[PDB]
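So the structure is just underneath, and the comments pick up after that.
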Amino acid sequence: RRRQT
Amino acid sequence: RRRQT
Amino acid sequence: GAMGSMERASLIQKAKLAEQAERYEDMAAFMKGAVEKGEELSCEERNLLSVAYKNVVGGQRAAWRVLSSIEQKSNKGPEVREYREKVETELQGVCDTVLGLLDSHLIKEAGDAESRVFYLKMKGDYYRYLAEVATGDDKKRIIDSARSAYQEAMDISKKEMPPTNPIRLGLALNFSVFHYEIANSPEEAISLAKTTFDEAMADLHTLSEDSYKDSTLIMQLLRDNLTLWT
Amino acid sequence: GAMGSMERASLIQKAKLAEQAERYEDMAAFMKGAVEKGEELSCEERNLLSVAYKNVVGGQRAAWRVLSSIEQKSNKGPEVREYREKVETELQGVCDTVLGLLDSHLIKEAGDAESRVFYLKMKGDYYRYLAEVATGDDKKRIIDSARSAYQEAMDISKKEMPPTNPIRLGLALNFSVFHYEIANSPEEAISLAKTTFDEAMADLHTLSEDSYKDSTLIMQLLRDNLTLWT
Ligand SMILES: N=C(N)c1cc(-c2ccccc2)c(CNC(=O)c2ccc3c(c2)CCO3)s1
Ligand SMILES: N=C(N)c1cc(-c2ccccc2)c(CNC(=O)c2ccc3c(c2)CCO3)s1
Ligand SMILES: N=C(N)c1cc(-c2ccccc2)c(CNC(=O)c2ccc3c(c2)CCO3)s1
Ligand SMILES: N=C(N)c1cc(-c2ccccc2)c(CNC(=O)c2ccc3c(c2)CCO3)s1
Ligand SMILES: N=C(N)c1cc(-c2ccccc2)c(CNC(=O)c2ccc3c(c2)CCO3)s1
Ligand SMILES: N=C(N)c1cc(-c2ccccc2)c(CNC(=O)c2ccc3c(c2)CCO3)s1
Ligand SMILES: [Ca+2]
Ligand SMILES: [Ca+2]
Ligand SMILES: [Cl-]
Ligand SMILES: [Cl-]
Ligand SMILES: [Mg+2]
Ligand SMILES: [Mg+2]
Ligand SMILES: [Mg+2]
Ligand SMILES: [Mg+2]
């Protein structure tokens, strides 16, 4: 999963 | 549901 | 220009990159440039042209329907109408661009039944998208232009293509939707979708596993519409 | 112009319409016009500005990452590099536009801690997006500009906002990601995300049901990153 912003 | 094209 | 200085092969390569990047406005501009080189579009390249403009006009049509619904409910000042008109005008510009590529000179240079049917189906589609937003002294002429293009495509496709051909199937699907929701001919829509579906099913026994998947994918869409309409 | 002839209230109304229509390029252009009128942006209007440009640059960044990955694998002629550079240049132009609105004159005119923090967080974000594609004699200066903007926002937010404030939380989330993947400071990223999460949790007892939902939504994102990183 991609990190969140 | 919407008709399909 | 603006794509006139770029090699045809580079434009095709970039259209494929743009598709991978989901940059469909770019994809369409690259394919417009490729068409304007004046040489054939292959099957793959015709698909690239169709997919690019399908996605561009698709976003515009979805936006137009949202704004049109808001406008209808409001009937707050002129802003809703103004912004709907802005989107509508941009949509019409894209349709005019595609129809101009078809008329100058994709269709007349299409020396194959399968290439000619592909382009005439597109001509029907983009006149239909114009008809969706038309409300003027030419909605009737626009509707007739769509029907005429579709009908000629149908005539050729029935003579020169098997009933399972996916371009033939997608043409009948869209002409059927034209009948149902543009021409106020729901019986014609149902008749066309049903005969098209049944004649494809009867021909599936002739196909490879891969062609069978291709054809049944579009058959599912015909079924979905008949299920909605009957 | 091009939005200079339109009323501020009409631009805000159209930005909201564009959002409903998922027309984020239009939304951003309307909000740029509203900013350039020279008056305050409300909380709602700041959210509209941020959402519009988030979606515009988000599509560009996703496209850039696709093209950059293809380019890396290819290392076919110059086309992949050329098209990546085209997308990159357009992305940089959007970042420069947003930073120009912040510097002329959103930030200096932000007479609230909550408005000033909002804009400084945006300044950090758009320098960070520039840093993602930077590879030049100024990547280091770009990274320092992002850190500086984020740090000032953090300083004000810790003095003037409760630890559950969603703008404060979203600022810490993004500054933490800056540390992890831009500044090569994964320990700083983990420290910031963890202290921010824990101090928000300890403050939840002070909140209404609605504020609690607001804060816990961003807390979930801090948790997701810590789960990835530890
Ligand atoms: N880059 C693209 N997009 C495409 C490239 C090619 C291609 C490639 C090599 C040779 C010939 C053609 C495509 C063929 N067309 C489809 O596979 C297809 C078309 C419409 C459709 C579905 C599938 C599902 C339902 O609607 S698509
Ligand atoms: N004669 C045929 N039956 C076909 C020939 C080719 C072809 C032609 C030249 C080179 C390589 C392949 C096809 C694949 N090309 C398509 O365009 C296609 C389009 C729409 C669609 C699907 C596929 C699946 C669902 O919807 S199909
Ligand atoms: N006006 C029509 N022609 C129809 C009328 C009726 C009907 C008649 C009496 C009672 C109830 C219904 C139909 C039944 N439905 C289908 O035959 C059917 C439905 C979906 C579908 C296909 C076929 C092929 C692909 O997907 S069709
Ligand atoms: N038209 C819009 N988009 C918005 C309008 C307003 C608003 C309306 C009236 C008064 C004040 C503000 C918004 C407030 N902001 C959010 O609700 C929000 C923001 C970021 C975020 C989430 C939620 C989920 C995680 O990331 S958003
Ligand atoms: N002082 C506060 N805690 C807030 C005050 C207002 C407000 C201000 C003026 C008018 C009406 C409402 C808020 C709603 N506005 C937001 O901008 C918001 C932003 C990002 C976000 C969420 C909400 C939820 C998840 O991520 S929150
Ligand atoms: N380098 C660090 N600081 C950490 C090291 C370890 C660890 C130590 C020994 C054994 C296994 C793991 C941590 C455990 N994980 C958390 O405490 C944690 C995880 C997700 C999360 C939150 C907290 C709050 C919100 O979402 S954190
Ligand atoms: Ca009947
Ligand atoms: Ca550690
Ligand atoms: Cl407008
Ligand atoms: Cl390019
Ligand atoms: Mg040449
Ligand atoms: Mg009009
Ligand atoms: Mg005025
Ligand atoms: Mg560059």
Side-chain angles (χ1 to χ4, degrees), chain A residues 2-5, chain C residues 14 17-18 20-23 26, chain D residues 28 32 49-50 53-71 74-75 78-104 106-107 117-136 139-157 170-193 196 221 225 228-229:
Chain A
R2 184 171 159 84
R3 87 299 182 280
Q4 313 270 26
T5 53
Chain C
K14 290 181 182 179
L17 291 171
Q20 291 176 265
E22 296 176 27
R23 293 268 297 190
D26 285 350
Chain D
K32 182 174 182 287
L49 178 73
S50 186
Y53 279 110
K54 166 190 195 74
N55 275 272
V56 169
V57 85
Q60 298 174 315
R61 291 163 72 211
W64 187 93
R65 293 194 296 274
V66 165
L67 300 170
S68 186
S69 174
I70 296 171
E71 194 183 8
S74 76
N75 285 325
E79 289 88 354
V80 175
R81 170 184 58 72
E82 287 170 351
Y83 185 45
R84 191 266 302 156
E85 288 175 344
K86 177 194 176 139
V87 172
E88 182 174 301
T89 298
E90 286 173 17
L91 181 158
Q92 291 168 323
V94 171
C95 293
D96 287 341
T97 288
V98 171
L99 292 165
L101 296 173
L102 296 168
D103 285 332
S104 297
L106 282 169
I107 288 170
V117 165
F118 193 107
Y119 294 134
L120 287 168
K121 178 210 170 268
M122 292 187 65
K123 180 166 179 178
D125 287 344
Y126 283 84
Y127 271 115
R128 175 166 56 92
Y129 306 147
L130 289 178
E132 287 179 347
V133 308
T135 76
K139 182 187 194 187
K140 286 182 178 176
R141 253 172 295 261
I142 290 170
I143 292 174
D144 192 75
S145 290
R147 184 182 293 104
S148 172
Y150 280 139
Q151 184 63 55
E152 179 175 355
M154 290 288 306
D155 291 339
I156 301 166
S157 80
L171 160 63
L173 181 73
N174 290 10
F175 195 19
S176 168
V177 167
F178 167 84
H179 288 309
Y180 192 91
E181 72 179 22
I182 305 304
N184 206 29
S185 297
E187 292 294 83
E188 190 73 22
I190 289 163
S191 309
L192 179 52
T196 299
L221 306 175
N225 290 352
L228 208 57
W229 296 340

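Keep in mind that the numbers below use all heavy atoms, side chains included, and drop hydrogens, waters and symmetry copies. Throughout, a chain's letter reflects where its sequence line sits, starting with A, and its residues are numbered from 1.
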Flag, side chain of D:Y150 to backbone of D:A172, donor-acceptor distance under 3.5 Å:
no
Minimum heavy-atom separation for D:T97 and D:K32, please, with both atom names.
CG2-CE, 3.7 Å
How long is the span from the NE2 atom in D:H179 to the CD1 atom in D:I190, to the nearest 0.5 Å?
12.0 Å
Between D:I182 and D:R128, which heavy-atom pair has the shortest distance, and what is it?
CG1-CG, 3.9 Å
What heavy-atom pair brings D:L173 and A:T5 nearest, and what distance separates the two atoms?
CD2-CA, 3.8 Å
Do D:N225 and D:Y180 have side-chain N/O donor and acceptor atoms under 3.5 Å apart?
no
For the residue pair D:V133 and D:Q92, what are the closest heavy atoms and their distance?
CG2-NE2, 3.8 Å
Fit a plane to each ring of D:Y53 and D:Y126, take the angle between them on a 0 to 90° scale, and name the class: parallel (under 30°), tilted (30 to 60°) or perpendicular (over 60°).
perpendicular
Test of understanding: with salt bridge (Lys or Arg N to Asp or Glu O under 4.0 Å), list the residues that count as partners of D:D155, not counting sequence neighbours.
none
May I ask you to say whether D:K121 pairs ionically with D:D125, meaning some side-chain N is under 4.0 Å from a carboxylate O?
yes
Would you compute the distance between atom CG of D:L101 and atom CE of D:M122 and round it to the nearest 0.5 angstrom?
8.0 Å
Measure the spacing between OG of D:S176 and CH2 of D:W229 and express it to the nearest 0.5 Å.
3.5 Å
So how far is it from D:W64 CH2 to D:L91 CG, rounded to the nearest 0.5 Å?
8.5 Å
Report the residue from D:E187, D:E181, D:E188 that forms a side-chain contact (heavy atoms from CB on, under 4.5 Å) with D:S185.
D:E188
Between OG of D:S68 and CZ of D:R81, what distance do you get to the nearest 0.5 Å?
13.5 Å
Using side chain to side chain contact (heavy atoms under 4.5 Å, CB included), reason through D:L130 and D:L99 one step at a time and then give a plain yes or no.
CA-CA 11 Å; D:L130 289 178; D:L99 292 165; 3.8 Å; yes
Are the side chain of D:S148 and the backbone of D:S145 linked by a donor-acceptor contact shorter than 3.5 Å?
no
Closest approach of D:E132 to A:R3 (non-hydrogen atoms, all atoms of both residues):
OE2-NH2, 4.1 Å
About how many Å separate CG of D:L106 and CG of D:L120, when rounded to the nearest 0.5 Å?
11.0 Å
What pairs of residues pass the salt bridge (charged side-chain N to carboxylate O under 4.0 Å, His left out) test when at least one of them lies in residues 86-104 of chain D, not counting sequence neighbours?
C:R23-D:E90, D:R84-D:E88, D:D103-D:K123
Give a yes or no on whether the backbone of D:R65 and the side-chain of D:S69 come within a donor-acceptor separation of less than 3.5 Å.
no
Shortest non-hydrogen contact between D:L171 and D:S157, atoms and distance
CD2-OG, 3.9 Å
